[PDB]
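Trainee:
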Amino acid sequence: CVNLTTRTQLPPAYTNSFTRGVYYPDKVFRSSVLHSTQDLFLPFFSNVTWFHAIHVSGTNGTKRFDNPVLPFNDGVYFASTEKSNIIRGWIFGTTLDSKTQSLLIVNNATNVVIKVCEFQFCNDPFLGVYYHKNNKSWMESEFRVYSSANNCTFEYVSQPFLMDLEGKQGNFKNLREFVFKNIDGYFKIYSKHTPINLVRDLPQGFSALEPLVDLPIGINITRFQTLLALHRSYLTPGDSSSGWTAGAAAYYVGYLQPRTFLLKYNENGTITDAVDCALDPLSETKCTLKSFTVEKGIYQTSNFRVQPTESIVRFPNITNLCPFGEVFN
Amino acid sequence: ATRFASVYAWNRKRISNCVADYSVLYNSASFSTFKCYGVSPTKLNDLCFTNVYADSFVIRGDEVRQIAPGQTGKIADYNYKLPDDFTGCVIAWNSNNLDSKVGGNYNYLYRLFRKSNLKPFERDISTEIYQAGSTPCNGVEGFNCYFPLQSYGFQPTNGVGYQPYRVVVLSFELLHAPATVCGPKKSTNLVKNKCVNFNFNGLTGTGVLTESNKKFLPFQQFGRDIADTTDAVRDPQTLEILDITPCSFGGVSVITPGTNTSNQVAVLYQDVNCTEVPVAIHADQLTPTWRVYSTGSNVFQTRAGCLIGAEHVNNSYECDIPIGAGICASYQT
Amino acid sequence: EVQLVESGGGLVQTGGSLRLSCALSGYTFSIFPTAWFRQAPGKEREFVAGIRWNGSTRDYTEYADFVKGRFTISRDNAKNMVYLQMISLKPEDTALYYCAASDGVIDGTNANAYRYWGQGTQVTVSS
Ligand SMILES: *[C@@H]1O[C@H](CO)[C@@H](O[C@@H]2O[C@H](CO)[C@@H](O[C@@H]3O[C@H](CO)[C@@H](O)[C@H](O)[C@@H]3O)[C@H](O)[C@H]2NC(C)=O)[C@H](O)[C@H]1NC(C)=O
Ligand SMILES: *[C@@H]1O[C@H](CO)[C@@H](O)[C@H](O)[C@H]1NC(C)=O
Ligand SMILES: *[C@@H]1O[C@H](CO)[C@@H](O)[C@H](O)[C@H]1NC(C)=O
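Residue numbers (PDB author numbering), protein chains in the order written: chain C, 15 to 343; chain A, 344 to 676; chain E, 1 to 127.
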């Protein structure tokens with residue numbers, strides 16, 4: 015119910031996705047098995063819609079918050095590299111309004127609230143925490159994600175728990191990767207947490223995203239957003255400046271496509287490596303041979319066919335004016 | 344439920360975020376009626392319909408007669424019109440406990456008239472009074488201000504048909520979610536080192552379950568080999584992994600000399616331990632002959648399998664009848 | 001079966017008074033409204049009077065305009081019976097009077113909707 019004021023605009027940064035964005039297709043266990051599966055996946059090096067949520071002072075400073083309406087398409091890969099856990103929740107649905115039911119996932123400490131209700135989402139949803147100066151503690155006091163909820167159909171609440179809310183600075187160290195999918199009346203949420211030391215871009219390391227939760231939900235998700243633990247500049251430790259501000263935090267986005275992937279399950283059924291069939295001819299040969307190593311030789315991978323450029327239909331001429339018009343005229 | 348909503352205010356309460364066991368819930372078994380027109384949780388105990396809702400409401404006894412599909416009249420018209428084609432069952436039992444009387448609590452009224460019948464799935468919760476045909480009214484004692492909500496027979500009642508029944512319809516109108524929440528939780532014990540048919544979360548297979556040393560991941564449930572065939576299953580009730588193998592699966596060969604010489608023969612069971620041979624053929628055939636070849640003093644084990652009816656001898660001769668694995672049988676003494 | 005019996009009526013001098021009794025049995029007369037109708041030679045059946053039990057505090061009475069201010073209708077639920085008092089009768093009041101009840105609550109003026117009808121009694125007014 016609050017509109018963001020004085021928000022800067024910058025070009026959207028891009029970066030290669032590397033091998034990140036790999037999850038277990040199912041719960042089956044395999045030992046030292048090269049399994050080829052066709053499903054939604056993030057192609058390797060297929061760009062990333064890098065977004066920034068950072069406030070920097072000075073003449074060259076910039077106060078950028080990235081919470082747009084990114085289309086969900088047919089699955090989304092979301093990577094957050096940070097340490098203060100500014101990213102807290104996500105918003106999905108078709109209209110993202112009370113007109114139609116919508117999904118709402120919020121990590122506001124205490125519990126991870128998941129709901130499927132006709133939420134009245136505002137223009138700029140966010141999770142704003144005010145710094146209570148009486149005892150110098152962080153708390154949530156700007157829950158403007160939605161004005162009201164109606165026609166509730168599903169709710170899930172986790173056990174109590176709390177984490178640090180201060181916007182610690184320095185090189186990001188915690189990487190959280192999630193894959194959101196929506197297939198045949200099921201919303202699949204994957205997750206994985208890793209420690210790192212890089213400051214920007216997705217690390218080249220490979221790590222599979224194990225299944226986290228499956229939700230029975232009937233909403234037809236087409237568009238989604240993100241929720242940041244906004245730090246209200248009015249109530250901050252050491253200052254009470256006006257406007258909207260936030261600490262150091264970076265996150266990435268990715269779009270899944272229907273691809274065939276060869277996964278190498280090790281002796282204890284944990285994905286150690288993945289190969290994309292439609293990435294390069296070498297990978298296509300590898301996944302056609304169902305092996306990660308190819309020896310010298312020539313292998314027929316597939317066939318190609320020039321698709322019809324256009325459709326042409328030709329029938330005899332009009333000929334002499336028939337009595338048909340005369341009958342109707 | 345301690346408090347049951349009235350028929351005119353029936354609640355479309357839904358159940359999820361848990362897995363239920365209808366068998367335990369059915370301990371009372373006090374339901375007066377059982378009208379099931381599909382794969383009911385009681386009838387079928389191996390499905391987990393997702394969009395299943397337990398409508399918490401109370402109706403008068405007679406209304407139990409009008410809880411059939413496509414029904415129309417009184418309750419089926421204005422109070423509670425269930426879907427014309429609803430998948431589920433209707434449960435009704437006469438309690439008369441919460442009402443504190445055998446006639447019916449006054450708070451359990453039922454809407455009527457209003458000249459607007461319900462749809463098979465809609466609800467019209469409203470306290471508005473019936474409108475007259477000459478002048479609108481909304482209460483008091485004006486012109487035709489009949490209250491649509493009429494209390495049940497609070498006065499003494501003779502027949503159970505005029506008493507409040509705590510009727511809940513277990514209708515599941517699945518639209519996009521096949522099955523996520525289970526009502527029934529039929530289960531059995533655990534058997535190991537024995538050929539049996541096992542059904543693990545819908546995966547059906549015949550084999551000999553055995554303790555497995557494989558370390559499945561916490562999320563992992565099933566297992567498979569390079570051949571894409573199940574070879575290990577995790578117990579859904581405990582963090583235990585059990586292997587799966589064919590029961591015995593052997594073939595029977597008859598090592599027999601020429602009938603012109605003798606009639607006694609030997610039986611070879613392919614790649615099976617001799618201990619399982621007596622159960623391999625079930626020993627249920629005619630008492631002589633086969634039973635003698637089922638087991639006996641002369642039983643030998645080889646890479647080929649189990650041989651019964653042939654006496655193993657240290658002496659080695661030319662291969663007369665090829666059995667396999669460098670082992671042959673001969674009729675000579 | 002629902003049975004309605006009408007008593008009273010007869011021949012009365014113009015300007016007199018009369019009382020008609022309608023006894024109803026076989027259903028719940030307390031709540032369902034009861035309506036008195038009169039049919040005259042050459043006249044169809046039309047609403048004349050009615051009484052309803054809203055169930056809150058009182059019984060509402062509806063009177064037709066042509067007899068408004070002169071015809072009174074009352075109901076005794078304990079006795080399951082209806083009184084209809086008439087004063088200052090007129091020659092045109094001569095007719096056969098019926099009392100009707102409904103299996104449910106219906107509009108008072110809806111004579112057809114009344115599923116139960118009694119035998120009725122004849123009333124004649126002489127100058
Ligand atoms: C699946 O298999 C892998 C590899 O076999 C397991 O890796 C194991 O990881 C643990 C620690 O993460 C290693 O522990 C070490 O074991 C040695 C030998 O017993 C011991 O001397 C050390 O002091 C230390 O405890 C272990 O060696 C290593 N390999 C194994 C167990 O074979 C992995 O843990 C397995 N997955 C699961 C879920 O068990
Ligand atoms: C913010 O701006 C949008 C843009 O039209 C407007 O619709 C909305 O009412 C404004 N206020 C809020 C609280 O979103
Ligand atoms: C798409 O969405 C519409 C409305 O949101 C819904 O009616 C339809 O079933 C959906 N189709 C799917 C999920 O395939």
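From the three backbone atoms N, C-alpha and C, an ideal C-beta is built for every residue, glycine too.
#1: Give the secondary structure of A:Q409 by DSSP, where H, G and I count as helix, E and B as strand, and everything else as coil.
#2: Which chain C residues sit within Cβ distance under 7 Å of A:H519?
#3: At a CB-CB cut-off below 7 Å, which residues of chain A make contact with E:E62?
#4: Taking 8 Å as the threshold (beta carbon to beta carbon), is A:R567 in contact with chain C?
#5: Specify whether the segment 454-472 of chain A and the segment 539-546 of chain A touch according to this definition: at least 3 beta carbon pairs, one from each stretch, less than 8 Å apart.
#6: Mind reading off the beta-carbon distance from C:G142 to C:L241? Whole number of angstroms is fine, and I expect it under 8 Å.
#7: Cβ of A:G476 less than 8 Å from any chain E Cβ?
#8: How should C:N121 be labelled, buried or exposed, when 16 other C-beta atoms within 10 angstroms of its C-beta is the threshold for buried?
#9: If contact means a Cβ-Cβ distance below 8 Å, which residues of the segment 44-60 of chain E contact chain A?
#10: Nearest-angstrom Cα distance between E:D65 and A:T470?
#11: Please go through the same chain and pick out, in chain order, the residues whose beta-carbon is closer than 8 Å to the beta-carbon of A:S530, but skip the five residues on each side of it.
#12: Along the beta strand (DSSP E) that carries A:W353, what are the first and last residues, could you check?
#13: Any chance the CB of C:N165 is under 7 Å from a heavy atom of ligand 3?
#14: Quick one, which residues of the segment 538-566 of chain A are near chain C if we go by CB-CB under 9 Å, in chain order?
#15: Hey, is the segment 481-492 of chain A in contact with the segment 429-440 of chain A, meaning 3+ C-beta pairs nearer than 8 Å?
#16: With respect to 7 Å, is the separation between the Cβ of C:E132 and the closest non-hydrogen atom of ligand 1 below this value?
#17: Does the beta carbon of A:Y489 come closer than 8 Å to any beta carbon on chain E?
#18: Using a Cβ-based criterion (distance less than 7 Å to any ligand heavy atom), does C:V159 qualify as near ligand 4?
#19: Using only alpha-carbon positions, find the residue among C:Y38, C:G261, C:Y266 that is nearest to C:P217.
#20: List, from N- to C-terminal side, the beta strand (DSSP E) runs of 3 residues or more that fit wholly inside the segment 544-608 of chain A.
#21: Against A:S359, what residues of chain C qualify as contacts under a CB-to-CB distance less than 8 Å, listed in chain order?
#22: In chain A, which residues lie with their C-beta within 9 Å of the C-beta of E:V105?
#23: Considering just the uninterrupted stretch of the beta strand (DSSP E) at E:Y97, what are its terminal residues?
#24: Distance, Cα to Cα, E:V5 vs E:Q119?
#25: Within a Cβ cutoff of 6 Å, which residues of the same chain sit near C:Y160, ignoring the five residues on either side of it in sequence?
#26: Indicate the three-state DSSP secondary structure (helix, strand or coil) for A:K444 in the structure shown.
#27: Of all the residues that make up the segment 571-594 of chain A, which are near chain C by a beta-carbon distance shorter than 7 Å?
#28: Which residue or residues does DSSP assign as beta-bridge partners of C:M177?
#29: So is C:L335 buried or exposed if we call it buried at 16+ other beta carbons inside 10 Å?
#30: Contact criterion: CB-CB distance below 8 Å. Does A:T531 meet it with respect to chain C?
#31: With distances taken between CB atoms, is the gap from residue 131 of chain E to E:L84 smaller than 8 Å?
#32: Return the CA-CA distance between A:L582 and A:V576, expressed in angstroms with no decimal places.
#33: Let me check you understand the geometry: is the CB of residue 312 of chain A closer than 7 Å to at least one non-hydrogen atom of ligand 1?
#34: Taking one C-beta from the segment 193-213 of chain C and one from the segment 160-177 of chain C each time, how about it: are there three or more such pairs within less than 8 Å?
#35: From A:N439 to A:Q498, what does the alpha carbon distance come to, in whole angstroms?
#36: Is C:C15 close to ligand 2? I mean its beta-carbon at under 7 Å from any heavy atom of the ligand.
Mentor: Taking the geometry as given:
#1: helix
#2: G199, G232
#3: The answer, in chain order, is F486.
#4: yes
#5: Touching, no, given that fewer than three Cβ pairs across the two stretches are closer than 8 Å.
#6: 10 Å between Cβ atoms; not a contact.
#7: yes
#8: buried
#9: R52, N54, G55, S56, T57, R58, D59, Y60
#10: 32 Å
#11: Within the same chain, A:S530 has close Cβ partners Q580.
#12: Element bounds for A:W353: n/a, residue is neither H nor E.
#13: no
#14: Hits within the stretch, in order: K557, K558, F559, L560, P561, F562, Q563, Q564, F565, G566.
#15: no
#16: no
#17: yes
#18: Annotation note on ligand 4: not contained in the displayed structure, which lists ligand 1, ligand 2 and ligand 3 as its ligands.
#19: C:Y266
#20: 546-551, 565-567, 573-577, 584-586, 595-598
#21: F168, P230
#22: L455, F456, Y473, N487, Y489, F490, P491, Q493
#23: Segment 95-101, the beta strand (DSSP E) holding E:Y97.
#24: 6 Å
#25: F133, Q134, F135
#26: coil
#27: Going along the segment 571-594 of chain A in chain order, one finds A575 with a Cβ nearer than 7 Å to chain C.
#28: C:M177 pairs with nothing; no bridge assigned.
#29: exposed
#30: no
#31: Lying outside 1 to 127, the shown extent of chain E, residue 131 of chain E is not represented and no answer is given.
#32: Cα to Cα, A:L582 sits roughly 11 Å from A:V576.
#33: Because residue 312 of chain A is not part of the residues shown, which for chain A are 344 to 676, the question remains open.
#34: no
#35: 13 Å
#36: yes
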